[PDB]
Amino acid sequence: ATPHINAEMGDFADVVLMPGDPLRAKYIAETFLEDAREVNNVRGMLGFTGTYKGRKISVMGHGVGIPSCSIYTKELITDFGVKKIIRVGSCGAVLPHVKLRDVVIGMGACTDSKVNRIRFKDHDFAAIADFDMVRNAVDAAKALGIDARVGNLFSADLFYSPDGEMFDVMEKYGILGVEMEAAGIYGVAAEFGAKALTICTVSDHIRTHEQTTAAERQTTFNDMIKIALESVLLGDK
């Protein structure tokens, strides 16, 4: 039992899927996992552990922003023996060729947060995902006939940034998606010796927003979820 997770060692699987702000952990568990049991309820942050094709897997949200996900990912790693963390959420795009509903894999994550500088003696720590997890996600996506773009994400501290010019800079440097967690999670993974990966589905254009109906949402979200789950089975092979 930790300060924010009311569970015990063994309650969570070695692999944890963490739903972004959209997806719900309860939805993932009852739709993709079999024999799911509830392992956490603190702050309504429902956690679940079940199996996917015989493989043990847990699911639990990470909350909005670096400070929030940093809490949970740290405790899962040091107190519940979790080895892999896969975040599945949404992101905004700044690149014209990146479209609404595209799946983006964050091999790296830029940020305007100060958490990584505090850890790295104020130098540049390249917040990156585990390579194998990236390749598993990409391969699982190809197997499902889904084209997944791999590159940098940008984890912002302020959803409502005062500096609108930064989005242009992001576009110039190839950032595929803007979210608020990746860099924080990768920082924790490196700090405590674990592996992590962030997968996002473009929910909107920070430029010229398109128009995909609610029917064209849960269908793409299920895709990202399958990618995540299937990528885990590939990693075991």
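The first residue of the sequence shown is number 1, and the count goes up from there.
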When the C-alpha temperature factors are averaged for each of 7 to 15 and 211 to 219, which stretch ends up with the higher value in the entry? 211 to 219
So which stretch wins on mean C-alpha B-factor, 222 to 230 or 18 to 26? 18 to 26
Among the choices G151, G89, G92, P162, identify the one whose CA B-factor in the record is greatest. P162
Just to confirm, going by the entry's C-alpha B-factors, which of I77, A127, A143, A137 comes out highest? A143
Relative to the other modelled residues of the same chain, rank the CA B-factor of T198 and answer lowest, middle or highest third. lowest
Considering only modelled residues of the same chain, in which third does the CA B-factor of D204 rank: lowest, middle or highest? highest
Based on the entry's values, in what third of the chain does the Cα temperature factor of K83 lie: lowest, middle or highest? middle
Splitting the chain's C-alpha B-factors into thirds, which one does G47 fall into? highest
Of the three thirds of Cα B-factor ranks in this chain, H62 occupies the highest
